[PDB]
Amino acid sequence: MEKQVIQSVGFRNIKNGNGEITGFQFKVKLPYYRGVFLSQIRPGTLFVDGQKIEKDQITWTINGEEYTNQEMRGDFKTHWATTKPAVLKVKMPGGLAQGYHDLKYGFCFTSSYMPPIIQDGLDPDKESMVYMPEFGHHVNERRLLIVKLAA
């Protein structure tokens, strides 16, 4: 995989069955030195070309299975491995057009063994006071290309 958190591979539109575009997906790698259980994850907010998209519009696919934020908040037995990037599927009718797109995504995860100053105010959309790179940045960006015909 790639050093960047948002992966260049797996960024595409999503079709329906009935052929209609329902959204798009992209992969995020866990930027942690260890895996986490699903209930440790705290999905944040997406920005695509400045358009804001809330977490209630984004599901996580890990180990072949799709989870909602709610499903995930309760599952402390399913394990996300550092080497198995999660696939985020974003609800958006019509998808993204041909060409470039700027992505800004935020998420973080809990680490209850850390000092309690650190664990508090742990916001998936805002960086920690001091930055330790073994935990990665909560917010990451990437400029990626979508292949589609011109409208």
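Residue indices: 1-based, along the sequence shown.
Original post:
If you average the CA temperature factors over each stretch, which comes out higher, 103-111 or 90-98?
Top reply: Looking at the record's C-alpha B-factors, the answer is 90-98.
**OP:** Mind pulling up the entry and telling me whether 117-125 or 40-48 has the higher mean Cα temperature factor?
**Re:** So the stretch with the higher mean C-alpha B-factor is 117-125.
Original post:
Compared with the other modelled residues in the chain, in which third is the CA B-factor of residue 15?
Top reply: For residue 15, the deposited C-alpha B-factor lands in the highest third.
**OP:** Going by the recorded CA B-factors, say which third of the chain residue 146 sits in, lowest, middle or highest.
**Re:** Lowest third.
Subject >> Third assignment of residue 9 from its chain's C-alpha B-factors >> reply: It falls in the bottom third of the chain.
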